[PDB]
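J.: so I pulled this structure from the PDB, and the sequence comes with it:
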Amino acid sequence: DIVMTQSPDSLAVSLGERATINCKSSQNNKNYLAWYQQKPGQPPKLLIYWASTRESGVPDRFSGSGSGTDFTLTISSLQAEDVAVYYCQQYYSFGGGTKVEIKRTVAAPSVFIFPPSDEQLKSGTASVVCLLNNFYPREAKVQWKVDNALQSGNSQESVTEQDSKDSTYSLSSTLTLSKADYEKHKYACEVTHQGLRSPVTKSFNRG
Amino acid sequence: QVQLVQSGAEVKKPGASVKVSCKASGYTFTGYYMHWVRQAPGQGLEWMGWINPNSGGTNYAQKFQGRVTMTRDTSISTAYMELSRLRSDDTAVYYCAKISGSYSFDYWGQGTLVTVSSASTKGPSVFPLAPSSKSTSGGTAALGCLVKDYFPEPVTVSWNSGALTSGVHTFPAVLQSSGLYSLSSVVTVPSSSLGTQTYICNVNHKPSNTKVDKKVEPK
């Protein structure tokens, strides 16, 4: 019957600055609220229990506060090592999680386009890959154009975890067509991003 | 040293059952309730239930009542979670976690991936993403490998057998409507290297016992 809601769902904070994550519950004198850090491929790690007691070994920059229904995980001086998803927990309810990332200066993507290989074409399919490399922030618009026809809903995007070294993202966009569809046309990926003064288009002719 | 060590990833078809184990050591097994928590890929944490290892008494989330069974074997300090009548939305990493006196989970198993799907295990097809002028910007060329149509997760990718880590980006897999996964791995290198330095992506799909090494050559 208890529902935990975290705010915000995602958070970008500059290196060495303060990050705060909120958690409110639906609802001996203990508060029975825990905070967990989770990095990809790892189980969550307990940071704070009883709302404000740090687990030994957790850096002092992690602190918890709050009472009753409203609780807050604070990270003073965010490190790149703290990029993770944080969860609150009360009894058997978990918050929905809050992604924490390093905020950094805008970095425009370098754009690269890869035609389908002949190996793939012989297998009967054609994947066109558009690479957006080392950019920030994560929002980027990738438009596919096939003989200048704007493509909608037939590509798939994937985005890396933020790079711990330079705090950037990379993104791949894959347009997949049947070999037959690919042969019927003569291919461009147009990238819009905060760091680009005008869109960058990379294109190639089939053949 | 408290450790909770879970059994390995499993793949199940819809309608089947899965049983995950969790071997505890480093503390008195019967003194702490063991809970199960699951996490679908990219999603949050979902509590499933607990077992009192000292009695076998259980309590399950209403969402799993009638499908989950938790048991333990105290002689080998092992907790078990069985989930039956599986559907693809039971695809998740299942965790065992020991509750503490503060009603927090201070110790977690490493997780057990359970994939529920009708798809058959299948190694990837690996296709080069070749560097050319159309993947060259300011003396930097990008190249990569497309790792297509495999099941289940995961695959690992390295470059030049792990000697090449700078500039490497391996993208999270996307699950296609076919039920198969595909990803790309890319690396950015100096353009001046393309005529002298060989680039090979090493693709390892342990579920299908597939390893592919693909040379990626310019143009």
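T.: Received, thanks. Numbering: from 1, shown residues only, chains lettered A, B, ... in the order given.
J.: please count neighbours and contacts with C-alpha atoms only from this point.
T.: OK.
J.: which residue ranges make up the domains of chain A?
T.: Following curated CATH domains, one gets these domains for chain A: A:1-103, A:104-207.
J.: oops, could you answer that again for chain B instead?
T.: Split into domains by curated CATH domains, chain B comes to B:1-118, B:119-219.
J.: figure out which of the ones you listed is closest to chain A.
T.: domain B:119-219 (4.2 Å; C-alpha to the nearest C-alpha).
J.: re earlier: for residue A:14, which of the domains of chain B is the nearest?
T.: domain B:119-219 (22.7 Å; C-alpha to C-alpha).
J.: for the domains of chain B, give me JSON lines that also has distance to chain A.
T.: Shown next, in JSON lines, are those (distance: least, C-alpha to the nearest C-alpha, whole Å):
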{"stretch": "domain B:1-118", "distance to chain A": "5"}
{"stretch": "domain B:119-219", "distance to chain A": "4"}
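J.: let's have those in JSON lines, adding distance to residue A:170 and mean neighbour count.
T.: Below are the domains of chain B laid out as JSON lines (distance: least, C-alpha to C-alpha, whole Å; neighbours: other C-alpha atoms under 10 Å in any protein chain shown):
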{"stretch": "domain B:1-118", "distance to residue A:170": "18", "mean neighbour count": "19"}
{"stretch": "domain B:119-219", "distance to residue A:170": "7", "mean neighbour count": "19"}
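J.: figure out which of the ones you listed is closest to residue A:149.
T.: Per C-alpha to C-alpha, nearest to residue A:149 of those: domain B:119-219, 19.8 Å.
J.: and the closest one, how far apart are its ends?
T.: With C-alpha to C-alpha, to the nearest Å as the measure, the ends of domain B:119-219 fall 35 Å from one another.
J.: now whatever residue of chain A ends up closest to chain B, nearest residue through space, not along the chain?
T.: Proximity of chain A to chain B (C-alpha to the nearest C-alpha) peaks at residue A:112, 4.2 Å away. Nearest residue to residue A:112, sequence neighbours excluded (C-alpha to C-alpha, 6 or more residues apart in numbering or on different chains): residue B:135, at 4.2 Å.
J.: surely residue B:155 touches residue B:210?
T.: No. Contact criterion C-alpha atoms under 8 Å: residue B:155 and residue B:210 do not qualify, at 9.3 Å.
J.: circling back: didn't the residue of chain A closest to chain B look like it was pressed against residue A:134?
T.: No. Applying C-alpha under 8 Å, one finds residue A:112 not in contact with residue A:134, separated by 11.7 Å.
J.: neighbour count winner among those two?
T.: Per other C-alpha atoms under 10 Å in any protein chain shown, whichever of residue A:112 and residue A:134 has more neighbours is residue A:112, with 26 against 23.
J.: phi and psi next, for the more buried one.
T.: The phi and psi torsions at residue A:112 (degrees, to the nearest 10) take the values phi -140, psi 140.
J.: still on that earlier bit, with distance to residue A:77 added, can I get the domains of chain B in CSV?
T.: Shown next, in CSV, are the domains of chain B (distance: least, C-alpha to C-alpha, whole Å):
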stretch, distance to residue A:77
domain B:1-118, 24
domain B:119-219, 27
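J.: out of those domains, which comes closest to residue A:120?
T.: domain B:119-219 (6.4 Å).
J.: grab the nearest non-local neighbour of residue B:37.
T.: Once flanking residues are discounted, residue B:37 sits nearest to residue B:47: 4.3 Å by C-alpha to C-alpha, 6+ apart.
J.: can you list contacts of the helix or strand containing that neighbour?
T.: Using DSSP states H and E, residue B:47 sits within strand B:45-51. Applying C-alpha atoms under 8 Å, 6 or more residues apart in numbering or on different chains, the set of residues contacting strand B:45-51 from outside is A:92-96, B:33-39, B:57-61, B:63-64, B:70-72.
J.: and the residue nearest in space to the middle of chain A, helix, strand or coil?
T.: Geometric centre of chain A, nearest residue: residue A:161, 5.8 Å, by C-alpha atoms, centre = their mean. Secondary structure, DSSP: H, G, I helix; E, B strand; the rest coil: residue A:161 is coil.
J.: the residue nearest to it when sequence neighbours are not counted: what's it in contact with?
T.: Leaving out its chain neighbours, the residue that sits closest to residue A:161 by C-alpha to C-alpha, 6+ apart is residue A:169, at 6.7 Å. If you count contacts by C-alpha under 8 Å, 6+ apart, residue A:169 has them with A:133-138, A:159-163.
J.: ok, residue A:169 to residue B:138 distance?
T.: From residue A:169 to residue B:138 the distance is 19 Å (C-alpha to C-alpha).
J.: same thing with residue B:167?
T.: Counting by C-alpha to C-alpha - residue B:167 and residue B:138 are separated by 15 Å.
J.: now swap in residue B:203 and tell me
T.: 29 Å.
J.: and for residue B:42?
T.: Noted for residue B:42: a distance of 35 Å to residue B:138, by C-alpha to C-alpha.
J.: over to residue A:158. Which of the three states is it?
T.: Look at residue A:158: counting by three-state DSSP, its state is strand.
J.: number of residues surrounding it?
T.: For residue A:158, the count of nearby residues is 17 (other C-alpha under 10 Å).
J.: for the closest residue to residue B:165 other than its chain neighbours, what are its contacts?
T.: Residue nearest to residue B:165 in three dimensions, not counting chain neighbours: residue B:159, with 7.0 Å by C-alpha to C-alpha, 6+ apart. Going by C-alpha under 8 Å, 6+ apart, residue B:159 touches B:165, B:168, B:199-202.
J.: try it again at 7 Å.
T.: Residues counted as contacts of residue B:159 (C-alpha atoms under 7 Å, 6 or more residues apart in numbering or on different chains) are B:165, B:199-202.
J.: so which helix or strand takes in residue B:4?
T.: Residue B:4 belongs to strand B:3-6, assigned by DSSP H and E.
J.: what sits up against that strand?
T.: B:21-26, B:108-112.
J.: sec struct for the residue of chain A positioned farthest from its centre, please.
T.: The centre of chain A is farthest from one residue, residue A:28, which by C-alpha atoms, centre = their mean lies 40.2 Å away. Classification of residue A:28 using three-state DSSP returns coil.
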